[PDB]
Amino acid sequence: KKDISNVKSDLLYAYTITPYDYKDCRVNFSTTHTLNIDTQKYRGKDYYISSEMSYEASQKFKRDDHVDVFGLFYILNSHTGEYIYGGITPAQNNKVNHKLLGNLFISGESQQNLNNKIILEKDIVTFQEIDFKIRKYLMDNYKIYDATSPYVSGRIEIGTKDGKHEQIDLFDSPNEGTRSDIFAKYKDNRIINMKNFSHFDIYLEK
């Protein structure tokens, strides 16, 4: 397997990044595996976002649909395009604010309360957006990916109102551990409806 210090290294680099956050963009057209979205209003002439997704995900969107974008690039220096995986939801029409409830469980420590630290402004959100914001919070506040951090494993659990949980591994660097490898998981464009969202639980093992 891959050694923990390499994993952290990969992730520190990969997630130290500025996400693309564009609201209400029109889908120009679909390709075999991607959606080409108009971001000219934000980035200038001829600019577009190229979102690679699974077939099932893509079929939910068609030419001219209005969409919101939240994704992390896996390529740099790419002309008029910005390349990401998934990160697409139907455009949010009315303004909205969701203050998330959450808890932090660090090995051998007492539960920490993280309520209201993370706020979302969409009713329908991608796991990619949720994942990123939480990781960033953890990186910023707990330096989870620093070489000297004591964490050796951990995950995020998204809890829904039916009592179920969705897990997201926090220390996984597949294949060569490049952004393309690490962000590939977002290609399913998994989304969650805030109305079903309960709270999140983070587990870090020392």
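Residue numbers here begin at 1 and follow the sequence given.
K.L.:
Can you tell me which stretch has the higher mean Cα B-factor, 182 to 190 or 5 to 13?
P.N.:
Looking at the record's C-alpha B-factors, the answer is 5 to 13.
K.L.:
Highest mean C-alpha temperature factor of the two stretches 132 to 140 and 117 to 125, which is it?
P.N.:
Mean C-alpha B-factor is greater for 117 to 125.
K.L.:
Quick one: which of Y55, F171, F29, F70 has the biggest Cα B-factor according to the entry?
P.N.:
Of the options given, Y55 has the highest CA B-factor in the PDB entry.
K.L.:
Lowest, middle or highest third: where is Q111 by Cα B-factor in its chain?
P.N.:
It falls in the top third of the chain.
K.L.:
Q167: which third of its chain by C-alpha temperature factor?
P.N.:
For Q167, the deposited C-alpha B-factor lands in the middle third.
K.L.:
Lowest, middle or highest third of the chain for the C-alpha temperature factor of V96?
P.N.:
Highest third.
K.L.:
What third of the chain, by the recorded C-alpha B-factor, contains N175?
P.N.:
Top third by C-alpha B-factor.
K.L.:
Sorting by Cα B-factor within the chain, modelled residues only, which third would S149 end up in: lowest, middle or highest?
P.N.:
Top third by C-alpha B-factor.
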